[PDB]
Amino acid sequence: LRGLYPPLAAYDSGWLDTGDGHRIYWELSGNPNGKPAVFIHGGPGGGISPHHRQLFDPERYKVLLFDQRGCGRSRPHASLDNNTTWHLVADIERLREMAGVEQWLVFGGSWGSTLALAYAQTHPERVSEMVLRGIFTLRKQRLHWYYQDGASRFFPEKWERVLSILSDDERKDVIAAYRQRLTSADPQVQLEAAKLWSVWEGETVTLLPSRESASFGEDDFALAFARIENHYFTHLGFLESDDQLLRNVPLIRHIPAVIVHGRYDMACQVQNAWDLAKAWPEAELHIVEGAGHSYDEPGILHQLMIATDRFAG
């Protein structure tokens, strides 16, 4: 099974001012002359990690990675002002011009696949190929499954904790209920809800439980992760339609793509990958048996490495 390339430092980085109150962190890694690529992290509000650099051949790829508005090293931290899908799409173009790339490969998993599609459908001309994982299209059915009733039936003992702070009436709409707490004037109230919401996801993203899931509880990370995720979901990803992303696939069918999705991905159901593949015949679909949601699930990682090497030779 293929694994990550060895660790390496970014050869350059900085902060880009959006002009509307955001200074977003970015970093360039790999080969300054290599094939251009951009990494879209998940969440939203997930942030990048040094390991994401190791997802591409160090000598064949010029990888630009960045923290989306409000998370990671991007300032202001946990900010919900001017934080929408369309601003992020704008930011990607901005970052593209700066790095001086004419066209690049878009790599994105989970929310990253969502923003990748929105971006690709908005600027088809700028995408050479796409490597998508754990498809998430933001349909209400997708949000209901993960935050109202669905995954809850596979992890009832964990879902009981998420509901613990809610009154019986609030339980009918968990997203809305958490939205109030996450936007409370009391930071202690915000953090309590933020931790619960983040750990729920941290513990259901892998096939088997891992200690790693506890890092989703760190105050600063949890706070921005929850606020931003909940923000985007509260507004249905800022899409015109429930199925806008599937409805506009015609605009990118001509683009080479690979779709990797764990059979037992509990955050995003395989159904999403199947629906996408049905509308996108050209795309190469890979349903990884025995795998969960996370990019580092042995079987999912294997297909991603093979996918990136393939597009680079």
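From 1 onward, residues are counted along the sequence shown.
Chemist: Mean C-alpha B-factor higher for 159-167, or for 142-150?
Modeler: The recorded data point to 159-167.
Chemist: Do the CA atoms of 285-293 or those of 300-308 have the higher mean B-factor in the entry?
Modeler: Higher of the two, by average CA B-factor, is 300-308.
Chemist: Based on the PDB record, which member of 211, 133, 195, 227 exhibits the highest Cα temperature factor?
Modeler: The record points to 211.
Chemist: Which one of 262, 42, 70, 32 shows the biggest C-alpha B-factor in the PDB entry?
Modeler: Across 262, 42, 70, 32, the entry lists the biggest C-alpha B-factor for 32.
Chemist: In terms of the chain's CA B-factor thirds, is residue 200 lowest, middle or highest?
Modeler: Residue 200: CA B-factor falls in the lowest third of its chain.
Chemist: C-alpha B factor of residue 237, ranked within the chain: lowest, middle or highest third?
Modeler: Middle third - that is where residue 237 ends up once the chain's C-alpha B-factors are sorted.
Chemist: What third of the chain, by the recorded C-alpha B-factor, contains residue 101?
Modeler: Highest third of the chain for residue 101's C-alpha B-factor.
Chemist: Quick check for you: using the entry's CA B-factors within this chain, is residue 46 in the lowest, middle or highest third?
Modeler: Within its chain, residue 46 is a lowest-third residue by C-alpha B-factor, going by the deposited values.
Chemist: So where's residue 83 on the chain's Cα temperature factor ranking, which third?
Modeler: Its C-alpha B-factor belongs to the middle third of this chain's values.
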